[PDB]
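Just so you know, structure 1 and structure 2 below are the same protein chain in two forms, each on its own as structure tokens.
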Structure 1
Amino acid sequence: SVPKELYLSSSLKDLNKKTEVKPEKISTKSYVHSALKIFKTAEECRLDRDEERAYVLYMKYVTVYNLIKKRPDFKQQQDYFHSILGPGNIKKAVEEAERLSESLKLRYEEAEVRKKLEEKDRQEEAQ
């Protein structure tokens, strides 16, 4: 009947900042906030034991950090931004990713050779 109450922004120009897909057109602080949400989720998945999703989330976080860290504003205010992030969560993100990737590497080979062993089982004579 009536449009939902404004909650999300104050201007059209502000809403547009959420429509960008190019890093060039995304503020350091946007990504930092996005990174937080990603990190929260990453943790929840690791504990749930979903290695694929957790891995991706940790990695994406790391990929974001490695993208933004080299910007002038981040450099000057890394104190500040590390506050917004979890200080030394970039550390845990890196370590969880290697932990996970080394797990995944093995499980993906496990699934491959099984798949290959599955077919062989089918592919026999039986007169």
Structure 2
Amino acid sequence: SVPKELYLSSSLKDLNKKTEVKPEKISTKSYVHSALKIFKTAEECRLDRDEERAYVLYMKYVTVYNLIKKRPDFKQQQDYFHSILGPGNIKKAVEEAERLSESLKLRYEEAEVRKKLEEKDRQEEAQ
């Protein structure tokens, strides 16, 4: 019927920025915008107890930060960008990714051992 009312952006140009996958074609300001959303979503996933999604998002946030922090246009305005991202947020992401990695390692190891043991039980039980 009628298309949804425009809300995402104000030009095809801004929209085109969202289509890119190469870092070489993603500006520092665009990555900061994404990172803000990735961190927000990572917080929500953590609160929702989705450890894998939360971990992937905190880790991805740190990987974007590590990428753009090497750029001269980031370095030139380091204090400004750090205050947009929030210094407590960058620190939170590292420590959450670390805490979640430690949790996921054990949960993946558990599920794998439990698997192996159930197959061992399968061979022996039917016997």
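Take the two forms, superpose them, and find the largest set of C-alpha atoms that agree within 1.5 Å; that set is the rigid core. Structure 1 provides the reference sequence; residues are numbered from 1 along it.
Fitting the two forms on the rigid core leaves the C-alpha of residue 113 displaced by under 2 angstroms between structure 1 and structure 2. Comparing the forms between structure 1 and structure 2, the C-alpha position of residue 9 differs by 2 angstroms or more, with the core used for superposition.
Here residue 76 exhibits a Cα shift of 1.0 Å between structure 1 and structure 2, evaluated on the superposed rigid core. Once the rigid core is matched between structure 1 and structure 2, the CA atom of residue 38 is found 0.4 Å away. Core superposition places the Cα of residue 87 2.4 Å apart between structure 1 and structure 2.
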